[PDB]
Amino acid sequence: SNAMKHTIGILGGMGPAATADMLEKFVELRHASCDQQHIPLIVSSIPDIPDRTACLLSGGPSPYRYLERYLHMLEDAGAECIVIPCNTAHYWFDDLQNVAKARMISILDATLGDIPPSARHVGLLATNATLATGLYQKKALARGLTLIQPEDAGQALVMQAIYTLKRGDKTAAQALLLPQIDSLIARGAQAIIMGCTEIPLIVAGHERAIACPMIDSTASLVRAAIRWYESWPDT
């Protein structure tokens, strides 16, 4: 668990299914000949972190002091680099980066970096809060992208899909989400960002039925963390 081992901490639990999905992806995306070749990881999946959207939109209790606590726990355990598999939680990214000893890597930049340069007009599937606070907007503008978001009726259904997956019914979530993906495509999306970490779990298996490339924010962050680990002269 050495710091000199370049251990990656996952500040997770938002939600727990997305965190488990990230772990599976670290295994998938890392080239390894055996157990011992995989990436060293310490994971916090401690879900009591208050709901991010309720905080931002309703003035519910802030997740910030939980994130800070669990970040220091990971650092104290030896994590040299920290990744957060929750898009909405990146509202607090800069604040956490101010207090962090460990390197931090943003899901937002990793995700935008994984969009083909030819897709200028890009759908965005995310929580109401990620949209309302514009987490992707400045970075997308800088890259010369136009973000396409579901209109109000559609967005409510996307939000319901996310929370339905969070409650554990994937089938019901899919029936809610898939029609919203087609609407984005019908409106001209050249790719669609899955900008909430439950979305890839809902979509999994249907990519073939979907006419445009889906950009997986969780997988993008995993790839970035892998590059970070692999950059070291001793790894």
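Numbers follow the displayed sequence, beginning with 1.
Mean CA temperature factor is higher for 153-161 when stretches 153-161 and 83-91 are set side by side in the entry. Relative to its counterpart among 95-103 and 127-135, 95-103 has the higher mean temperature factor, C-alpha atoms as listed in the PDB entry. By the numbers in the PDB entry, the CA B factor is greatest at 211 among 226, 10, 215, 211. Of the residues listed, 33, 53, 197, 45, the entry assigns the biggest Cα temperature factor to 33. In the PDB entry, a CA B factor belonging to the lowest third of its chain's modelled residues is recorded for residue 28. Among all modelled residues in its chain, residue 39 ranks in the lowest third by Cα B-factor. Compared with the other modelled residues of the chain, the Cα B-factor recorded for residue 114 ranks in the lowest third. Among all modelled residues in this chain, the alpha-carbon of residue 176 has a temperature factor (C-alpha) in the highest third. Annotation for residue 202: C-alpha temperature factor in the middle third relative to the rest of the modelled chain, per the entry.
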